[PDB]
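# Examining the three-dimensional arrangement
Here is what each chain is made of, one letter per residue.
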Amino acid sequence: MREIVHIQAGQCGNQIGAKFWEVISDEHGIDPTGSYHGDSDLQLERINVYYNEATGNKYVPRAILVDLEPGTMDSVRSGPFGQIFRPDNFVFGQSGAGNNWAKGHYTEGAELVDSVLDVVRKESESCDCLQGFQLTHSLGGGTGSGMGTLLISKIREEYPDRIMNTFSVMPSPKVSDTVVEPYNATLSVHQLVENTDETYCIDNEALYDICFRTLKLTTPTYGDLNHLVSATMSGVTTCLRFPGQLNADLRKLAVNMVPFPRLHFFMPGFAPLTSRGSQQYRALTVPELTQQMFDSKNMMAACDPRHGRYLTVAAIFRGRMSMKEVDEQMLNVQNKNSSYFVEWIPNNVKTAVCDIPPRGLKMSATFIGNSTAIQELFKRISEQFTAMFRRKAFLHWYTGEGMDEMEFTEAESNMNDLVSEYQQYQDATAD
Amino acid sequence: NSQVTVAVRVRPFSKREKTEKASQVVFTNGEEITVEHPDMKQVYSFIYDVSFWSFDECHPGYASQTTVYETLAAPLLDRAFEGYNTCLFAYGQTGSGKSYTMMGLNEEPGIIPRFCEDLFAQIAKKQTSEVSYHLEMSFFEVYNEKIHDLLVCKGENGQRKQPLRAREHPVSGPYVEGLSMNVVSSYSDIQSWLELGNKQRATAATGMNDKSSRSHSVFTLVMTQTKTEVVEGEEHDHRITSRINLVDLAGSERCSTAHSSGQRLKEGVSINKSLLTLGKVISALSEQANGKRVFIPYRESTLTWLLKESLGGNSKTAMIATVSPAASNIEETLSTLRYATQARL
Amino acid sequence: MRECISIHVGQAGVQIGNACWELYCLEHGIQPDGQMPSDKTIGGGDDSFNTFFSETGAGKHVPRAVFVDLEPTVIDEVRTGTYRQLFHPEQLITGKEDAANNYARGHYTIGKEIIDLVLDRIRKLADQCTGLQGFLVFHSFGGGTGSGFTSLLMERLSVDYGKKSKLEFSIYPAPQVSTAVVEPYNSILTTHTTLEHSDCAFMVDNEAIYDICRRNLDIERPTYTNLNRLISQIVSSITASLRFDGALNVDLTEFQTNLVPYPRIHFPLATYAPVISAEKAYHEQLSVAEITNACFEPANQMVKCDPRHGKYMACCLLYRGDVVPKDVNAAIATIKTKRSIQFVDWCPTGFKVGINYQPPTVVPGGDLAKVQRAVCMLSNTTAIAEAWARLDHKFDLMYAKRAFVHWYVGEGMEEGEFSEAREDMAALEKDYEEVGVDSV
Ligand SMILES: CC(=O)O[C@H]1C(=O)[C@@]2(C)[C@H]([C@H](OC(=O)c3ccccc3)[C@]3(O)C[C@H](OC(=O)[C@H](O)[C@@H](NC(=O)c4ccccc4)c4ccccc4)C(C)=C1C3(C)C)[C@]1(OC(C)=O)CO[C@@H]1C[C@@H]2O
Ligand SMILES: Nc1nc2c(ncn2[C@@H]2O[C@H](COP(=O)(O)OP(=O)(O)OP(=O)(O)O)[C@@H](O)[C@H]2O)c(=O)[nH]1
Ligand SMILES: Nc1nc2c(ncn2[C@@H]2O[C@H](COP(=O)(O)OP(=O)(O)O)[C@@H](O)[C@H]2O)c(=O)[nH]1
Ligand SMILES: Nc1ncnc2c1ncn2[C@@H]1O[C@H](COP(=O)(O)OP(=O)(O)O)[C@@H](O)[C@H]1O
Ligand SMILES: [Mg+2]
């Protein structure tokens, strides 16, 4: 019985999870009363991953909700699927972080992470075997960064032999939603790079462009954007909740996708994504999905994989398939696009298939790629950071809550000392 | 080109081994070190830039304790006074000759007593009213990637060895927050400090000898030299610092043959991860001192991180690999030689 | 009566196991509940066969199998599938977590906590046996369980049982196709240990069986449910002389003796030539000559390595069905006339023959056809010396940067183990080269 503890901190995490618990339920036939009104019988078999049994054959999810304010917690209750969450797990406080990383890590997050670990130890010690922890948070809002990273540290000190897969929304290149995204993102990188195993970088601009070019959506709300992140989060845990011809899990994918322990930042992706009208004009096959997933337009990381080399790609297929087709296709990609792959790593691609696909698709797919192009996302922040730090602009709010310039220098150094490690495998040379 | 120099030493048979007529499994072609099985099917050959045959006392090319110092550590004692950092590493397993080579016996001293007599003698022959020399030191340990000081007594409790923190000062570099930095005038102080530290070190009894080093130990000497090129105003302006680290690493310990669970296993994992990173670093350094551009993953172990400024740059690194010449312990020797070969490559 | 214990490991061995018992239960008349409605015909005799199935006094037949997976996904499908009433409930799910494609998890870290449950279950199985001759381990070169747990279990069975045959059926890693980045490492780590214990490792390659299913069965979208059946037919051809009557009966120690000259070169390939469908069941007469010529075609091998880039050392043609030995004599005469099939100077005979009167069975839902005769060719070949070289080249690059190694160190492996494993492989290519040299 492999079991995941889901933590979600901040408005981004609380409003992605609020869609993830709506999707996994649909996939398992659970209703907002926690009952079971499904049709198949493989759902209940491996439901212990995300859910816990209760008295009247009711299933309560292992949610640990720690947004630093009270508005996000109230929206989840006054909401569709909110009457299944454990009431003693709606942990919160008042007057949140202030878009400050420090308030959520030293001042106001230190007064509340003990109350959260009280739930973590209470939902982890009720497990026959635990696989890891699943955080959904934001980089660029303080609370998610701070109160997420401190929590990551505490769990990797208490539970060091477990996975800590993170789903983090990164700041976007063109336009920002906070003037302190650079600082908070760097400071969170310094505490994630050292305390993670597989981090999944998400960006909202790539999601807007997905909604625009593929889905032909011109009024996409954040529910539409989280509907795609839920899909990937789900697909990572399909070969732990449903049978398959070739199974994987968090640790197998980690072993295959992390050559060195710091290159655990991945471009995610999902297929078949299509417009509602252009679904009667194409066939649902593995070549179509390979052509959709290996396209720069279906990235969700705001980085062009043609500006770099794929170090290690993965593919978690869902549906009734033929593994020859997957092998042939993931060989054709690596033979044609050899320059976009790395030479000292012969098979750059991993495959995995499940027999139980989503509610309305004959087959689905999911994609995780480690690429040097992610350095761009970092190379930008360090350019922002070093500007704002060269003039000490917004720092009298970070120092007031007990910090030093050294914590900024360290993190900026670490970021560039990750850019270097991604750029040591980004030059076009030959053997 | 000699950014890194790795040397291997073959300690002679123990008296019990001599009584047992234990077969010899390591031979010389002067420079090469060949390892022949007791079956003599496959023979493995290793080549390093410096080899110390100390198996007999009659072989032409016998390396005693004075041919070790004069060949590896004294050039680092003289790269210090030029102001440039130095490192010395010691790898080996139990019974290999690590303590005999680094510290030594009372009749036969090693590197530390010779370094910390020659240095203080060169200071008694170079110090004037113009130039002055100051030595400080520390002595700390790595245990499961947690720094721990050893020159402080405990707080009289069941378990308390305080974990400290590594921090990157922007100009100087990595350092430890809480490190005792005591002054030293002669070896009579270093001896007492080391005798106090090595008993607080971490040492367990697994299915091997019942005293196994489960920690890396770093031991530093910061030499600051002040000079007065006199000009009316402020004097003793010049200040050159040189760090001389003398690190004593632990053994690899594969866990299959030495069935372990719990803490012993967690120590083995750390000791092996650290050495993997260290060998990767030493490889990648010589790989850039031989006309290339690469990245050194310093930030994967607390040892490679804190010795970042003493390993690379204008620094100079030396490493001694100790191996036994008996067939009772032969995979330890093969792994030891293979590690040093990776370093040399 | 003879007995042979089958030991299935990992997703590949357990899934391959599902096809072998699906085939044997039909060759013997057993239903998935374990019952046997063929005894009403005779009311006695030995239509049940103790080489595979033990019998109770109630009229139920239980296979001599052990399914250890260190994960529950695949052994739960048997516990819930069509064969839940056949297997004794001790199918070792164990498996809090899997080996994460890591030798270091399946060998020591997570391989312990379950192996003593396997050896205890295996000890119970050979005490019910009178004439135990051999083990049949079905695993996979490339995984973590199939790489490490097999190694551990073989190291333990060589201690406990000792003078007992131990035949491996392994999915050799393919040159081009791969489903993991850590297959070269795990393969070269499994061989290091298994080479001193195992006695004959029959290799298969999925990239070859795919092309076979394409060119001969006319399947353009094949899956593993179809290849596992071909492998079931192979093991049925090996395990036939212990169950059915014949002319030249071949025990299991004969493979150990007529195919392994030296105790390191024991990695033979495998074939099954009549891989035709019901469409092309006609338009073909299916004689011994056509079959024996097919088995030595470079295409119809179940592994991808040209026999013309090397020389044959030993061959073993297990025939089944309507075969008269004059036909086999003529067939083998035809190959020695051909120059493409080149043989070592130190083996002028070079062939073995085995014939059996029970033809192969056709599963419903199957792609193969009904045939009055069939053949399995198991050949040792120097061709594999390239395949080994390819794997070694894959190992030489990644280990030159210590990629993926902290995942192994983190679960109890030393760096020198990787180097020690490579050395053993350099010393196996030299052996093949040493075998290819002509006498003087
Ligand atoms: C007949 C038909 O094809 O309708 C499809 C449909 O039109 C498409 C476009 C669906 C549709 O999805 C969207 O329109 C959409 C819009 C914005 C953001 C995300 C999705 C669909 O809504 C989505 C929905 O997909 C599912 O049924 C899965 O179960 C999906 N559902 C949910 O996520 C879900 C969320 C909340 C409550 C219940 C279910 C899913 C996907 C991945 C993992 C788990 C579940 C289906 C069949 C469709 C509609 C309904 C039009 C697609 O959805 C996905 C992610 O698979 C969008 O492109 C795919 C391809 C489908 O063809
Ligand atoms: N022929 C065949 N090969 C398979 C099958 N399933 C998996 N494989 C092969 O097995 C290889 C991967 O090994 P796995 O079996 O997945 O690893 P494992 O033994 O399951 O060990 P784990 O790490 O615990 O999963 C792949 O190269 C697959 O092609 C199967 O049903 N038939
Ligand atoms: N994808 C997505 N991103 C969001 C959502 N809400 C907020 N974000 C992002 O998350 C950040 C908000 O930070 P937040 O943690 O809510 O600030 P806080 O309330 O002070 O902790 C912004 O940079 C947004 O880009 C959402 O619903 N979906
Ligand atoms: N070159 C050498 N000459 C003489 N004795 C040696 C030599 N190398 C090792 N020894 C002997 O080995 C013995 C034990 O080894 P030791 O120095 O304790 O290594 P370790 O501390 O790693 O066990 C010592 O008593 C020492 O005399
Ligand atoms: Mg498996």
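The rules behind each value
- Residues numbered from 1 in each chain as written, not as in the entry; some residues may be left out.
- Chains lettered and ligands numbered in written order.
- Heavy atoms only, no water.
- Buried < 20%, exposed > 50% of the residue type's maximum accessible area, 1.4 Å probe, protein only.
- Helix = DSSP H or I, 4+ residues; strand = E, 2+ residues; numbered from the N terminus.
- Pairing = 2+ DSSP bridges.
- Axes fitted to C-alpha atoms, helices over the stretch in contact; angles between N-to-C directions.
- Contact = heavy atoms within 4.5 Å.
- Buried area = accessible area lost by both parts, 1.4 Å probe.
- Salt bridge = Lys/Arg side-chain N within 4 Å of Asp/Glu carboxyl O.
- Polar contact = N/O pair within 3.5 Å; in protein donor to acceptor, adjacent residues only side chain to side chain.
- Near = heavy atom within 4 Å.
- Areas by Shrake-Rupley, 256 points an atom, 1.4 Å probe, with all protein chains shown as cover.
- Nonpolar A, V, L, I, M, F, W, Y, C, P; charged D, E, K, R; others polar.
- Parallel < 35°, antiparallel > 145°, perpendicular 65-115°, else oblique.
- Left-handed = near helix turned anticlockwise from the far one by under 90°.
- UniProt positions renumbered as here; feature names shortened; annotations may be inferred.
- Right-handed = clockwise from strand over helix to strand, strands pointing away.

Structure determination for the deposited model, as stated in its record, used cryo-EM, and the stated resolution is 2.7 Å.

## Looking at the pairing of strand β1 (residues 4-10) of chain B
Successive side chains on a regular strand alternate, one facing one side of the sheet and the next facing the other. Residue and element names in this part refer to chain B. Burial analysis of β1 places seven of its seven residues in the buried class, which makes it a mostly covered element. Of the two faces of β1, both are covered, the one formed by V4, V6, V8 and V10 as well as the one formed by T5, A7 and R9. Pairing analysis gives seven bridges linking β1 to strand β16 (residues 316-323), with the strands arranged parallel. The residue of β16 that forms the bridge with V10 is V323. In terms of strand pairing, β1 meets strand β5 (residues 50-53) through four bridges, oriented parallel. Following the sheet pairing, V8 is matched in β5 by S51.

## Let's talk about unusual backbone geometry
The linkage connecting A:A271 with the following residue, A:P272, adopts the cis geometry, with an omega of 5°. Within the secondary structure, A:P272 sits in the loop between β8 (265-271) and α10 (286-293). Notably, B:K21 is not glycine yet its phi reads approximately 55°, a positive angle. With respect to the helices and strands, B:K21 occurs in the loop between α1 (15-20) and β2 (27-28). B:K21 sits in the exposed class, given a relative accessible area of 73%.

## Description of the sheet that holds strand β7 (residues 200-204) of chain C
All names here are of chain C. With parallel pairing, the five strands of this open sheet are ordered in space as β4-β1-β5-β6-β7. Strand pairing shows two members of the sheet lacking a second neighbour, β4 (65-68) and β7, which therefore form its edges. Sheet twist, expressed as the mean angle between neighbouring strand axes with direction ignored, is 15°. In terms of strand pairing, strand β6 (residues 166-171) meets β7 through five bridges, oriented parallel. Of the residues in β7, the one forming a bridge with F169 is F202.

## Side note on the interface of chain B and chain C
Contact with chain B, which involves 22 residues of that partner, is made by 18 residues of chain C. For the pairing of chain B and chain C, the buried interface totals around 1,800 Å² over both sides, and the portion due to carbon and sulfur atoms is 56%. Looking only at chain B, the three residues that lose the most surface to chain C are B:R254, B:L276 and B:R338, adding up to 33% of its buried area. Along the contact surface separating chain B from chain C lie three salt bridges. Note that C:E414 and B:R254 form a salt bridge whose closest N and O atoms lie 3.7 Å from each other. At the surface where chain B touches chain C, the tally comes to five residue pairs in polar contact. Counting only elements with at least two residues in the side of chain B that touches chain C, the list comes to α6 (263-286) and α9 (331-344) of chain B. If one sorts the elements of the side of chain B that touches chain C by residue count, α6(B) sits on top with six residues.

## A short note on the site of ligand 3
Residues and elements named next belong to chain A. Around ligand 3, the neighbouring residues are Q11, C12, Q15, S138, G140, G141, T143, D177, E181, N204, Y222 and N226. Taking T143, its side chain carries an N or O atom lying 2.9 Å from an oxygen atom of ligand 3. Measuring from a nitrogen atom of ligand 3, one finds a side-chain N or O atom of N204 at 3.1 Å. In the complex, 86% of the free accessible area of ligand 3, which totals 590 Å², lies under the protein chains. Counting only elements with at least two residues in the shell around ligand 3, the list comes to α1 (11-28) and α8 (222-236). Among the elements that make up the shell around ligand 3, the one with the highest residue count is α1 (three residues). Each residue belonging to the shell around ligand 3 can be placed in one class, and the counts come to two nonpolar, eight polar and two charged.

## Some words on the environment of A:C239
Residue and element names in this part refer to chain A. Tracing the backbone through its elements, the reader meets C239 in the loop between α8 and α9 (250-257). Sequence spacing of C239 and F317 is 78 residues, and the spatial spacing of their C-alpha atoms is 9.4 Å. Each residue touching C239, except ones within four places of it in the same chain, is listed here: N247, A248 and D249.

## Points about the site of ligand 2
Among the 20 residues in the neighbourhood of ligand 2, the closest are listed as A:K252, C:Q11, C:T145, C:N206 and C:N228. Proximal residues around ligand 2 fall on chains A and C, making this an inter-chain site. In this structure, an oxygen atom belonging to ligand 2 sits 3.3 Å away from a side-chain N or O atom of C:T179. Within the side chain of C:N228, an N or O atom sits 3.0 Å from a nitrogen atom of ligand 2. Considering ligand 2 on its own, with 630 Å² of exposed area, one finds that the protein chains cover 95% of that surface. Elements supplying a minimum of two residues to the shell around ligand 2: α1 (10-27), α6 (145-160) and α9 (224-238) of chain C.

## Some remarks on the packing of helix α5 (residues 115-127) of chain C against α6(C)
Residue and element names in this part refer to chain C. Where α5 meets α6, the closest approach of the two axes is 11 Å, and the angle between their N-to-C directions is 45°. Comparing the axis directions of α5 and α6 gives the class oblique. As for how α5 packs across α6, the hand of that crossing is right-handed. Each of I115, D116, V118, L119 and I122 in α5 lies in contact with α6, whose residues at this interface are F149, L152, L153, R156, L157 and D160. Here the residues of the contact of α5 with α6 sort into eight nonpolar, no polar and three charged.

## Here we look at the UniProt feature "binding site: ATP" in chain B
Residues and elements named next belong to chain B. UniProt marks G92, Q93, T94, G95, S96, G97, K98 and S99 with the feature "binding site: ATP", using the numbering shown here. One can find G92 in the loop between β6 (86-91) and α3 (98-102). Filtering out sequence-adjacent residues up to four positions away, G92 remains in contact with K98, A250, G251 and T322. Position of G95 among the secondary structure elements: in the loop between β6 and α3. Setting aside its immediate chain neighbours within four residues, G95 contacts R11 and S324.

## Describing the pairing of β7(C)
With respect to burial, β7(C) is a largely interior element, five of its five residues being buried. In this fold, β6(C) hands off to helix α7 (residues 183-194) of chain C, which returns the chain to β7(C); that crossover is right-handed.

## Examining the interface of chain A and chain C
Counting from both sides, the interface comprises 41 residues of chain A and, opposite them, 36 residues of chain C. With both chains or domains summed, chain A and chain C bury close to 3,700 Å², and 57% of this area falls on carbon and sulfur atoms. Taken together, chain A and chain C are joined by one salt bridge. Note that C:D76 is salt-bridged to A:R46, the shortest N-O span being 2.5 Å. Run the count over chain A and chain C and you get twelve residue pairs in polar contact. At the level of elements, α9 and α11 (323-336) of chain A are the ones that each hand at least two residues to the side of chain A that touches chain C. Class assignment of the residues belonging to the side of chain A that touches chain C gives a composition of 18 nonpolar, ten polar and 13 charged.

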